[PDB]
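Structure record follows, encoded as structure tokens.
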Amino acid sequence: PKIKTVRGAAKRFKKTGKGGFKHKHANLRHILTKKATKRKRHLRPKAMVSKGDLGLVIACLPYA
Amino acid sequence: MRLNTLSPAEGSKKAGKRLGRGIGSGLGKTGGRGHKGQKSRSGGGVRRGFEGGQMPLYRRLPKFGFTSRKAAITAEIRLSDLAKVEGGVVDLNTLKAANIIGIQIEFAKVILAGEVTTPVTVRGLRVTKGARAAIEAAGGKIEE
Amino acid sequence: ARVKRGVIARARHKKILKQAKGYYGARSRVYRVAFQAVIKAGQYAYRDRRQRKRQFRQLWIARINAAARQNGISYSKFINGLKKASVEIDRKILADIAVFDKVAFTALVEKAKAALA
Amino acid sequence: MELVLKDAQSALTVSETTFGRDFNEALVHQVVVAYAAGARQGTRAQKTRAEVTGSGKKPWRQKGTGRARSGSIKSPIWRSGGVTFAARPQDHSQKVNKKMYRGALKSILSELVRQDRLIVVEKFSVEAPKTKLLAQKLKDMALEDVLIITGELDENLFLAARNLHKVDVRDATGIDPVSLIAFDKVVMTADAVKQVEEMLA
RNA sequence: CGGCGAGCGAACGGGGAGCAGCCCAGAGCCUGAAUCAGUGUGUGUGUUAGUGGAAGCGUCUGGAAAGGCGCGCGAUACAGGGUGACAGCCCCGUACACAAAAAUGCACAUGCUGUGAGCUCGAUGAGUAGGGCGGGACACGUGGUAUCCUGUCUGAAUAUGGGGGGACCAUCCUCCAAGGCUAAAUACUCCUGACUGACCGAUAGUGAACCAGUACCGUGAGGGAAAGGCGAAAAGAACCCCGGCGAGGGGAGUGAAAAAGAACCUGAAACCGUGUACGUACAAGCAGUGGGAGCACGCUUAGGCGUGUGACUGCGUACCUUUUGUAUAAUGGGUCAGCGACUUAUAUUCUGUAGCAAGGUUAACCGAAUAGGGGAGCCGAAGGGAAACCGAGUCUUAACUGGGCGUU
RNA sequence: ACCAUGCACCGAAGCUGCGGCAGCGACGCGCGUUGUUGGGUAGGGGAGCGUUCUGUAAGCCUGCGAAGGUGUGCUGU
RNA sequence: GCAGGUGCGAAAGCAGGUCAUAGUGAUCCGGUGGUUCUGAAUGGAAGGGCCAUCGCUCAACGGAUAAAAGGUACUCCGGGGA
Ligand SMILES: [Mg+2]
Ligand SMILES: [Mg+2]
Ligand SMILES: [Mg+2]
Ligand SMILES: [Mg+2]
Ligand SMILES: [Mg+2]
Ligand SMILES: [Mg+2]
Ligand SMILES: [Mg+2]
Ligand SMILES: [Mg+2]
Ligand SMILES: [Mg+2]
Ligand SMILES: [Mg+2]
Ligand SMILES: [Mg+2]
Ligand SMILES: [Mg+2]
Ligand SMILES: [Mg+2]
Ligand SMILES: [Mg+2]
Ligand SMILES: [Mg+2]
Ligand SMILES: [Mg+2]
Ligand SMILES: [Mg+2]
Ligand SMILES: [Mg+2]
Ligand SMILES: [Mg+2]
Ligand SMILES: [Mg+2]
Ligand SMILES: [Mg+2]
Ligand SMILES: [Mg+2]
Ligand SMILES: [Mg+2]
Ligand SMILES: [Mg+2]
Ligand SMILES: [Mg+2]
Ligand SMILES: [Mg+2]
Ligand SMILES: [Mg+2]
Ligand SMILES: [Mg+2]
Ligand SMILES: [Mg+2]
Ligand SMILES: [Mg+2]
Ligand SMILES: [Mg+2]
Ligand SMILES: [Mg+2]
Ligand SMILES: [Mg+2]
Ligand SMILES: [Mg+2]
Ligand SMILES: [Mg+2]
Ligand SMILES: [Mg+2]
Ligand SMILES: [Mg+2]
Ligand SMILES: [Mg+2]
Ligand SMILES: [Mg+2]
Ligand SMILES: [Mg+2]
Ligand SMILES: [Mg+2]
Ligand SMILES: [Mg+2]
Ligand SMILES: [Mg+2]
Ligand SMILES: [Mg+2]
Ligand SMILES: [Mg+2]
Ligand SMILES: [Mg+2]
Ligand SMILES: [Mg+2]
């Protein structure tokens with residue numbers, strides 16, 4: 001039968017132009033008063049999935 | 001040429017692996033599975049994304065975004081598709097008739113992709129700056 | 001496409017058993033034992049093609065030593081003297097001569113002695 | 001391209017792309033193998049351990065008897081047990097790209113011309129549905145194993161050919177790559193030649 | 001949707017198969033008028049027995065010819081089966097052409113018969129819709145949750161009225177619940193016929209090729225085997241002999257063959273004997289291997305050689321598995337034969353190969369079509385952004401000297 | 001026996017010699033030249049043998065003896 | 001270092017917390033404010049997104065549940081001379 005997408009993965013990764021995946025940074029959900037403005041600022045933009053984790057992400061998202 | 005003189009192209013018919021048929025094959029006695037453990041077992045192996053129990057990548061990262069329903073009914077049209085509309089005028093219905101956009105598309109945008117060589121009238125579509133310049137250089141017209 | 005194994009399996013077992021002729025008891029009769037016997041015979045033969053060269057050189061040397069001592073010189077001095085005389089006859093031929101042509105071997109000893117002193 | 005008739009000794013001019021192309025052996029081989037795979041019925045089965053008749057009782061207790069542990073009388077290890085990977089009915093047919101099929105046919109027809117195995121005639125018919133008449137006709141033209149392709153299927157010719165095992169009579173639209181290769185000679189009417197032309201564009 | 005985990009998973013819309021619409025909640029008027037059921041009768045097809053159905057000889061081998069060789073003949077019949085080896089022409093069939101006293105399927109047709117058409121006026125399903133509580137169903141786990149069903153308590157409008165459009169309101173659109181019937185496309189196969197298989201071929205294939213759901217086991221539910229082949233034909237061995245008026249055997253006879261004799265085709269291996277050659281009763285161990293005398297038999301040069309044996313002598317602790325590591329006194333195997341473990345379907349990615357190429361390719365289905373049709377779709381030629389949106393750019397920010405992802 | 005000095009020799013599947021096979025690379029037309037390499041578990045890569053079945057095959061072999069069984073000789077890594 | 005706005009200094013300048021190195025908790029689910037980005041016929045709305053922020057001795061501190069102690073000499077299986 002058709003492979004089933006890991007739905008939670010589809011809610012956290014989007015495929016980019018050259019086949020990589022973008023994701024939102026962790027650590028910007030809650031307790032934030034104690035975190036420096038610089039640290040939170042650098043967590044705001046999306047980042048690319050690293051080479052080690054690309055295999056896991058690709059396995060989870062066959063239909064990306 | 002006969003039914004007994006026809007051969008496949010070289011390199012097109014690689015033989016399949018056959019595990020467990022003796023020492024000489026290179027795949028005897030463990031079938032390439034190595035020694036024991038979960039992965040050596042029939043049916044063995046862990047699910048996709050599993051990392052051994054550590055909070056896996058697809059869960060330690062946050063969800064983001066929402067899905068636009070409008071995006072699903074919006075298409076893009078290349079300049080190379082302008083000629084393929086038979087009738088000289090490019091609009092939603094003529095684009096659909098030529099199989100350029102989907103039947104349920106309601107909004108469409110012409111972009112600078114490919115090249116246009118004929119005077120065409122674009123009607124009811126959005127057009128990017130570059131695509132508009134290209135169409136108008138080709139003698140075309142853009143009507144809203 | 002069911003395949004019956006009988007003809008091929010019998011051919012294989014018969015090949016091994018033919019290689020096991022002369023062996024004792026089950027080793028010449030029973031495929032499980034015979035196969036191991038044939039494998040081990042092969043291992044021994046591979047080893048002993050090297051060993052055979054060792055053993056024959058050892059035998060030639062012992063015979064040369066005997067014949068040389070019959071002519072008044074030890075093996076080691078005899079070989080050194082032959083080397084100093086530029087005599088390149090090897091020990092297989094030297095052993096053969098020591099057994100079959102004792103006058104010629106005496107001549108070789110005299111040559112070795114003249115080279116030595 | 002020029003195809004010279006046998007009985008009327010005129011020439012029918014034909015597409016070079018159809019009847020004069022290079023022989024593509026790998027493509028023809030793929031299409032011929034696909035045709036053979038398409039002829040398979042694939043009707044068979046064996047019984048897994050689930051489908052062998054018998055009960056699920058454990059043949060003997062897990063420990064203490066001194067025997068190897070048994071769980072099912074239907075184990076494939078056992079005599080009368082299931083077949084480990086028991087077969088099921090199968091569909092062996094393969095896809096052939098339309099263009100791949102047509103390219104194979106063109107390669108075959110061109111190779112037939114190159115081998116002098118395609119014979120074009122203006123007409124090929126029989127007076128009556130009589131096997132003897134067609135056998136005589138074929139003896140006259142020195143054909144024994146021959147695929148006869150006509151513009152439209154005939155009744156008398158089809159009946160006359162039926163009892164000749166080295167002979168097959170086809171409509172132009174009923175050609176197949178394997179038949180074109182399998183018979184020593186292919187005899188095609190000029191009407192059939194045009195029809196095959198328009199079939200392969 | 002989802003301890004937003006594992007998983008579950010639509011709809012709208014599009015292409016196809018098939019297509020069919022009607023009654024009651026009632027009175028006129030008309031009437032019986034389509035349909036519709038039984039029931040006739042015919043009329044056609046089936047079905048259930050059947051009939052005819054072409055064309056070959058000689059010679060060779062052989063136990064036997066259908067095989068070889070030679071020369072013929074039929075074929076709308078060279079499907080298939082049989083016959084002493086392989087038969088178009090020997091036989092049964094096969095193509096083709098025919099056939100029913102009787103029963104019966106269906107399909108027409110018009111007779112009896114009940115159900116009653118078209119028509120105007122009118123009517124338009126209430127403890128129901130909806131609600132409160134508890135559950136359940138919807139892809140949808142109560143969630144912001146529409147909609148459906150209802151165990152419990154309630155409870156309307158009713159056409160100027162009412163339901164729905166995914167909380168909810170307004171506006172618009174669309175439909176008419178609380179009565180009912182309805183063919184086809186769809187599902188299946190205990191059972192019957194015909195035909196087919198890159199399905200099995202006696203440990204396989206059904207458990208069962210054979211008097212098998214039997215023998216046998218169990219109180220019972222229930223469980224559940226093993227076991228096929230003489231020969232072309234029984235011509236299945238008259239008769240004689242040893243033997244207990246035995247068993248068994250030796251002859252004789254049949255047969256191509258009885259070393260096909262019924263304990264029967266072929267007749268492997270483990271295992272057990274008889275015969276011959278060589279070795280072996282002062283000799284220590286994975287039993288072989290390297291060296292090697294002697295003996296016996298045999299070879300076209302008369303020479304050594306070939307075959308078998310193997311005194312004596314160097315070296316030498318099986319195999320598998322598991323382990324850091326096993327001669328290990330760790331595992332497993334008494335031996336042989338037969339069987340016994342990486343498959344299959346679908347989706348997805350990569351490699352090779354083939355086709356076509358900024359295009360590629362169709363699915364269901366249609367079609368007698370492995371053709372042809374069918375482009376519904378899917379993937380690709382554009383990305384950025386959460387998104388609106390912009391677009392070879394875009395996002396970030398008030399804005400980039402910029403930076404991220406893209407563009408060549 | 002031990003210390004010291006020295007020259008001989010024995011000694012491995014190390015090295016050399018002779019014959020042969022194969023991998024890889026450089027250089028010339030699958031051939032050659034030349035350099036080099038070839039212990040191996042898990043494991044990855046490459047290339048093959050044989051078995052049953054389908055086409056080729058209404059062909060070919062076969063009662064002047066098929067398959068199977070049992071010997072013998074030749075032959076390839 | 002760049003843009004905006006700022007403090008101290010006459011000025012050159014210094015300042016994006018503290019001499020530095022511990023003082024901490026992913027994701028989910030939700031809460032609060034801001035922001036028409038989205039808004040299932042349409043206008044709104046709900047809900048969602050985005051930005052800021054809040055709720056864990058999840059301390060077994062990469063946190064398996066929102067939610068969990070014992071007995072077996074009545075014992076049982078798969079394994080290890082790890
Ligand atoms: Mg937040
Ligand atoms: Mg290996
Ligand atoms: Mg193991
Ligand atoms: Mg381990
Ligand atoms: Mg492992
Ligand atoms: Mg399992
Ligand atoms: Mg389309
Ligand atoms: Mg078979
Ligand atoms: Mg024996
Ligand atoms: Mg079975
Ligand atoms: Mg097609
Ligand atoms: Mg007849
Ligand atoms: Mg016979
Ligand atoms: Mg109503
Ligand atoms: Mg209700
Ligand atoms: Mg409600
Ligand atoms: Mg309702
Ligand atoms: Mg509503
Ligand atoms: Mg709405
Ligand atoms: Mg309307
Ligand atoms: Mg059976
Ligand atoms: Mg048998
Ligand atoms: Mg008797
Ligand atoms: Mg027979
Ligand atoms: Mg027998
Ligand atoms: Mg003795
Ligand atoms: Mg003694
Ligand atoms: Mg020893
Ligand atoms: Mg240990
Ligand atoms: Mg050891
Ligand atoms: Mg012991
Ligand atoms: Mg042991
Ligand atoms: Mg044991
Ligand atoms: Mg895009
Ligand atoms: Mg050496
Ligand atoms: Mg070496
Ligand atoms: Mg080496
Ligand atoms: Mg190696
Ligand atoms: Mg075959
Ligand atoms: Mg301080
Ligand atoms: Mg400090
Ligand atoms: Mg709305
Ligand atoms: Mg931890
Ligand atoms: Mg944990
Ligand atoms: Mg235990
Ligand atoms: Mg153990
Ligand atoms: Mg220990």
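Following the order of the structure tokens, chains are lettered A, B, ..., residues in each are numbered from 1, and ligands are numbered from 1.
Counting only C-alpha atoms (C1' of nucleotides), every residue of chain F that comes within 12 Å of chain D is listed here: residues 54, 55, 56, 57 and 58 of chain F.
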Store the residues picked out above in a file with N, CA, C and O atoms (P, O5', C5', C4', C3', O3' and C1' of nucleotides), as a PDB file, in the first residue's frame.
```pdb
ATOM      1  P     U F  54       7.576 -26.611 -19.690  1.00  0.00           P
ATOM      2  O5'   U F  54       7.536 -25.117 -20.239  1.00  0.00           O
ATOM      3  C5'   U F  54       6.406 -24.276 -20.057  1.00  0.00           C
ATOM      4  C4'   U F  54       6.604 -22.952 -20.752  1.00  0.00           C
ATOM      5  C3'   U F  54       7.214 -23.020 -22.142  1.00  0.00           C
ATOM      6  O3'   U F  54       6.284 -23.363 -23.143  1.00  0.00           O
ATOM      7  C1'   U F  54       8.345 -21.382 -20.889  1.00  0.00           C
ATOM      8  P     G F  55       6.776 -24.076 -24.491  1.00  0.00           P
ATOM      9  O5'   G F  55       7.422 -22.901 -25.348  1.00  0.00           O
ATOM     10  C5'   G F  55       6.649 -21.797 -25.778  1.00  0.00           C
ATOM     11  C4'   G F  55       7.526 -20.686 -26.295  1.00  0.00           C
ATOM     12  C3'   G F  55       8.383 -21.014 -27.507  1.00  0.00           C
ATOM     13  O3'   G F  55       7.653 -20.899 -28.716  1.00  0.00           O
ATOM     14  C1'   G F  55       9.683 -19.885 -25.881  1.00  0.00           C
ATOM     15  P     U F  56       7.757 -22.030 -29.845  1.00  0.00           P
ATOM     16  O5'   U F  56       9.238 -21.877 -30.415  1.00  0.00           O
ATOM     17  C5'   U F  56       9.646 -20.692 -31.089  1.00  0.00           C
ATOM     18  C4'   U F  56      11.151 -20.584 -31.227  1.00  0.00           C
ATOM     19  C3'   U F  56      11.874 -21.780 -31.819  1.00  0.00           C
ATOM     20  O3'   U F  56      11.777 -21.830 -33.232  1.00  0.00           O
ATOM     21  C1'   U F  56      13.057 -21.001 -29.930  1.00  0.00           C
ATOM     22  P     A F  57      11.872 -23.233 -33.999  1.00  0.00           P
ATOM     23  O5'   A F  57      10.639 -24.057 -33.424  1.00  0.00           O
ATOM     24  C5'   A F  57      10.314 -25.342 -33.936  1.00  0.00           C
ATOM     25  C4'   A F  57       9.887 -26.293 -32.848  1.00  0.00           C
ATOM     26  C3'   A F  57       8.935 -25.723 -31.790  1.00  0.00           C
ATOM     27  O3'   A F  57       8.011 -26.738 -31.395  1.00  0.00           O
ATOM     28  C1'   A F  57      10.831 -26.614 -30.742  1.00  0.00           C
ATOM     29  P     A F  58       6.710 -27.052 -32.275  1.00  0.00           P
ATOM     30  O5'   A F  58       7.232 -28.051 -33.399  1.00  0.00           O
ATOM     31  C5'   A F  58       7.581 -29.402 -33.109  1.00  0.00           C
ATOM     32  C4'   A F  58       7.295 -30.318 -34.277  1.00  0.00           C
ATOM     33  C3'   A F  58       7.668 -29.762 -35.649  1.00  0.00           C
ATOM     34  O3'   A F  58       7.922 -30.833 -36.562  1.00  0.00           O
ATOM     35  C1'   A F  58       5.349 -30.105 -35.564  1.00  0.00           C
TER      36        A F  58
END
```
Surrounding residues of stretch 73-81 of chain B excluding itself and chain neighbours under 3 positions, 6 Å, only C-alpha atoms (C1' of nucleotides), as an MDAnalysis selection string: chainID B and resid 70 84 105:111 113:116
What residues have any atom no more than 8 Å from ligand 4 when counting only C-alpha atoms (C1' of nucleotides) and all ligand atoms, and can you list them as a PyMOL selection string? chain B and resi 35-37
Taking only C-alpha atoms (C1' of nucleotides) and all ligand atoms into account, report as a count of residues only which residues have an atom no farther than 9 Å from an atom of ligand 30. 4
With a distance threshold of 9 Å and counting only C-alpha atoms (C1' of nucleotides), extract the residues of chain A near chain G and express them as a PyMOL selection string. chain A and resi 26-27+30-33+37-38
Exercise answer, 12 Å around ligand 5 with only C-alpha atoms (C1' of nucleotides) and all ligand atoms, as a PDB file with N, CA, C and O atoms (P, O5', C5', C4', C3', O3' and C1' of nucleotides), in the first residue's frame:
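As written to disk, pocket.pdb reads:
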```
ATOM      1  N   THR B  30      24.539 -15.946   7.601  1.00  0.00           N
ATOM      2  CA  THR B  30      23.886 -14.858   8.308  1.00  0.00           C
ATOM      3  C   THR B  30      23.131 -13.983   7.334  1.00  0.00           C
ATOM      4  O   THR B  30      22.398 -13.099   7.773  1.00  0.00           O
ATOM      5  N   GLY B  32      24.005 -11.560   5.390  1.00  0.00           N
ATOM      6  CA  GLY B  32      24.314 -10.153   5.454  1.00  0.00           C
ATOM      7  C   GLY B  32      23.775  -9.435   6.669  1.00  0.00           C
ATOM      8  O   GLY B  32      23.911  -8.211   6.753  1.00  0.00           O
ATOM      9  N   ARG B  33      23.153 -10.145   7.601  1.00  0.00           N
ATOM     10  CA  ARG B  33      22.561  -9.501   8.761  1.00  0.00           C
ATOM     11  C   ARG B  33      23.544  -9.356   9.913  1.00  0.00           C
ATOM     12  O   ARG B  33      23.185  -8.787  10.947  1.00  0.00           O
ATOM     13  N   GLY B  34      24.773  -9.825   9.749  1.00  0.00           N
ATOM     14  CA  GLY B  34      25.685  -9.823  10.863  1.00  0.00           C
ATOM     15  C   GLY B  34      25.227 -10.824  11.912  1.00  0.00           C
ATOM     16  O   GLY B  34      24.501 -11.775  11.639  1.00  0.00           O
ATOM     17  N   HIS B  35      25.651 -10.585  13.132  1.00  0.00           N
ATOM     18  CA  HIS B  35      25.283 -11.476  14.216  1.00  0.00           C
ATOM     19  C   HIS B  35      24.032 -10.909  14.883  1.00  0.00           C
ATOM     20  O   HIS B  35      23.233 -10.243  14.221  1.00  0.00           O
ATOM     21  N   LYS B  36      23.794 -11.232  16.134  1.00  0.00           N
ATOM     22  CA  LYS B  36      22.472 -11.198  16.750  1.00  0.00           C
ATOM     23  C   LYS B  36      21.885  -9.793  16.886  1.00  0.00           C
ATOM     24  O   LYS B  36      22.241  -8.878  16.141  1.00  0.00           O
ATOM     25  N   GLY B  37      20.900  -9.636  17.750  1.00  0.00           N
ATOM     26  CA  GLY B  37      20.303  -8.334  17.975  1.00  0.00           C
ATOM     27  C   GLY B  37      19.041  -8.163  17.159  1.00  0.00           C
ATOM     28  O   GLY B  37      18.649  -9.020  16.366  1.00  0.00           O
ATOM     29  N   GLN B  38      18.393  -7.023  17.387  1.00  0.00           N
ATOM     30  CA  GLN B  38      17.064  -6.789  16.836  1.00  0.00           C
ATOM     31  C   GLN B  38      17.082  -6.800  15.313  1.00  0.00           C
ATOM     32  O   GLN B  38      16.232  -7.426  14.676  1.00  0.00           O
ATOM     33  N   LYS B  39      18.053  -6.115  14.712  1.00  0.00           N
ATOM     34  CA  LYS B  39      18.092  -6.014  13.258  1.00  0.00           C
ATOM     35  C   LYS B  39      18.367  -7.350  12.571  1.00  0.00           C
ATOM     36  O   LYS B  39      17.998  -7.515  11.407  1.00  0.00           O
ATOM     37  N   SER B  40      18.992  -8.305  13.258  1.00  0.00           N
ATOM     38  CA  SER B  40      19.217  -9.627  12.680  1.00  0.00           C
ATOM     39  C   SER B  40      17.960 -10.486  12.622  1.00  0.00           C
ATOM     40  O   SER B  40      17.981 -11.527  11.959  1.00  0.00           O
ATOM     41  N   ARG B  41      16.899 -10.098  13.311  1.00  0.00           N
ATOM     42  CA  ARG B  41      15.733 -10.951  13.468  1.00  0.00           C
ATOM     43  C   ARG B  41      14.788 -10.807  12.285  1.00  0.00           C
ATOM     44  O   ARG B  41      14.728  -9.761  11.644  1.00  0.00           O
ATOM     45  N   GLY B  44      12.609  -7.858  12.342  1.00  0.00           N
ATOM     46  CA  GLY B  44      13.276  -6.987  13.284  1.00  0.00           C
ATOM     47  C   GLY B  44      13.714  -5.674  12.662  1.00  0.00           C
ATOM     48  O   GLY B  44      13.934  -5.559  11.462  1.00  0.00           O
ATOM     49  N   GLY B  45      13.855  -4.669  13.515  1.00  0.00           N
ATOM     50  CA  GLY B  45      14.216  -3.330  13.081  1.00  0.00           C
ATOM     51  C   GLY B  45      13.235  -2.349  13.682  1.00  0.00           C
ATOM     52  O   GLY B  45      12.092  -2.689  13.997  1.00  0.00           O
TER      53      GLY B  45
ATOM     54  P     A F  42      31.846 -13.398   7.190  1.00  0.00           P
ATOM     55  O5'   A F  42      31.283 -12.238   8.109  1.00  0.00           O
ATOM     56  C5'   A F  42      30.709 -12.483   9.377  1.00  0.00           C
ATOM     57  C4'   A F  42      30.343 -11.168  10.003  1.00  0.00           C
ATOM     58  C3'   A F  42      29.568 -10.237   9.095  1.00  0.00           C
ATOM     59  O3'   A F  42      28.204 -10.571   9.000  1.00  0.00           O
ATOM     60  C1'   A F  42      31.302  -9.031  10.125  1.00  0.00           C
ATOM     61  P     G F  43      27.604 -10.955   7.567  1.00  0.00           P
ATOM     62  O5'   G F  43      27.920  -9.672   6.677  1.00  0.00           O
ATOM     63  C5'   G F  43      27.463  -8.392   7.083  1.00  0.00           C
ATOM     64  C4'   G F  43      28.246  -7.268   6.449  1.00  0.00           C
ATOM     65  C3'   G F  43      28.220  -7.197   4.937  1.00  0.00           C
ATOM     66  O3'   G F  43      26.980  -6.740   4.432  1.00  0.00           O
ATOM     67  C1'   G F  43      30.403  -6.762   5.699  1.00  0.00           C
TER      68        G F  43
END
```
Just need the residues of chain C within 12 Å of chain F, counting only C-alpha atoms (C1' of nucleotides), so spit them out as a PyMOL selection string. chain C and resi 1-12+14+18+46-51+53-54+57-58+61-62+65+74-81+83-84+116
Could you give me, as a VMD selection string, the residues within 12 Å of residue A:55, counting only C-alpha atoms (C1' of nucleotides) and dropping anything in the same chain fewer than 2 positions from it? (chain A and resid 20 to 21 49 to 53 57 to 62) or (chain B and resid 48 to 51 57) or (chain E and resid 349)
What are the DSSP alpha helix (DSSP H) residues of stretch 71-198 of chain D, as a PyMOL selection string? chain D and resi 98-114+131-140+155-162+177-182+190-198
If the limit is 12 Å from any atom of ligand 16, counting only C-alpha atoms (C1' of nucleotides) and all ligand atoms, which residues qualify? Return them as a PyMOL selection string. chain E and resi 129-132+145-148+167
Identify all chain D residues at most 7 Å from chain E by counting only C-alpha atoms (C1' of nucleotides); ligands do not count. Present them as a ChimeraX atom specification. /D:26-27,35,38,41,43-45,53,76-77,79,85,99-100,129,131,159-160,163,165,173-174
Using only C-alpha atoms (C1' of nucleotides) and all ligand atoms, determine which residues fall within 9 Å of ligand 9, then list them as a PyMOL selection string. chain C and resi 17+21+28-29
So, with only C-alpha atoms (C1' of nucleotides) as the atoms that count, which of G:2, G:77, G:12, G:50 lies closest to chain B?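 Of the candidates, the smallest distance to chain B is held by G:50.
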Calculate how many Å separate atom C1' of residue E:106 from atom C1' of residue E:190, rounding to one decimal.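 Separation between atom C1' of residue E:106 and atom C1' of residue E:190: 25.3 Å.
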For chain B, list the residues within 6 Å of chain E, counting only C-alpha atoms (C1' of nucleotides), and write the list as a VMD selection string. chain B and resid 11 to 12 65 to 66
Atom CA of residue A:18 to atom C1' of residue E:406: how many Å, to one decimal?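 Here the two named atoms are 8.3 Å from each other.
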For ligand 13, list the contacting residues at 12 Å or closer, counting only C-alpha atoms (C1' of nucleotides) and all ligand atoms, as a list in words. residues 62, 63, 64, 65, 84, 85, 86, 231, 232, 256, 257 and 265 of chain E; 63, 65 and 66 of chain F
